[PDB]
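Before any questions on how it binds or moves, here is one chain, the form deposited in one PDB entry, in structure tokens.
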């Protein structure tokens, strides 16, 4: 119920401000970045399960699932990967200095394509190209379900999850899309972006479509 507030490491806030304000054209690369991250999480739970089979029992199916929520202007990207504990959301998503953050900003100033973000290990922050707010909902086998939330400012919140659907195991990236980026709520657009940049994915990519009967 009670939210804990944490400060972002200085260089991460600069990077987030850069990306949320950019007039850069090829904004669709955010999906490639989030599918790769999702695929890495799925590799980690699969690799871990080789010597610990019981790790998969909290969520036996290994998948990536994309759910547009047009009514809320939300796009969700779920995976049944390793997930993150409260301590892993705090360290990995904001407080610890990520190797590559300042160097990616340096490559960007020199002329690099924002598309290179994933080679610097900070591809997660590409979501701010299309979203002005994000909730990272995660369930690790080692902890309770938690919500990490950011709006590209200097601080983020972490809250024990008592409001969202139960994840058996994994992470949900809940993107609150910008008014000009509502095209990523469309099935044809989503399918087009997936086929173009995520051809070699070892896990099924599912698209959740809502349709009116007759």
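The term rigid core refers to the most C-alpha atoms you can superpose between the two forms while keeping them within 1.5 Å. Residues that one form lacks are left out of the comparison. Residue numbers count along the first chain shown, from 1.
> Which has the higher mean CA temperature factor in the PDB entry, 181 to 189 or 33 to 41?
Comparing averages over the C-alpha atoms only gives 181 to 189.
> Report the stretch with the higher mean CA temperature factor, choosing between 156 to 164 and 48 to 56 on the basis of the entry.
Between 156 to 164 and 48 to 56, it is 48 to 56.
> Which is it among 169, 65, 174, 27: the one with the largest CA B-factor in the entry?
Among 169, 65, 174, 27, the PDB entry lists the largest C-alpha B-factor for 27.
> With respect to C-alpha B-factor, does residue 118 fall in the lowest, middle or highest third of the chain as deposited?
Within its chain, residue 118 is a middle-third residue by C-alpha B-factor, going by the deposited values.
> Mind checking which third residue 76 falls in for C-alpha B-factor across the chain?
CA B-factor rank for residue 76: lowest third.
> Split into thirds by Cα B-factor across the chain's modelled residues, where does residue 112 land: lowest, middle or highest?
CA B-factor rank for residue 112: middle third.
> Looking at the C-alpha B-factor of residue 93, is it in the lowest, middle or highest third of its chain?
As the PDB entry reports it, the C-alpha B-factor of residue 93 lands in the middle third of its chain.
> Taking the chain's C-alpha temperature factors as the reference, tell me which third residue 133 falls into: lowest, middle or highest.
As the PDB entry reports it, the C-alpha B-factor of residue 133 lands in the middle third of its chain.
Heads up, the form deposited in another entry isn't pictured, but that's what we're talking about next.
> Could you check, with the core superposed, whether the Cα atom of residue 85 shifts 2 Å or more between this form and the one not shown?
No, the C-alpha position differs by under 2 Å between this form and the one not shown.
> Rigid core fitted, then: does residue 109 show a CA shift of 2 angstroms or greater between this form and the one not shown?
Residue 109 C-alpha, core-superposed: shift of 2 Å or more.
> Against the rigid core, is the Cα displacement of residue 139 between this form and the one not shown at least 2 Å?
No, its C-alpha moves less than 2 Å.
> Kindly list the runs, ordered along the sequence, of 3+ consecutive residues whose C-alpha shifts are all 2 Å or more between this form and the one not shown once the two forms are aligned on their core.
The segments that shift (3 or more residues, C-alpha shift of 2 Å or more) are 95 to 100, 109 to 111.
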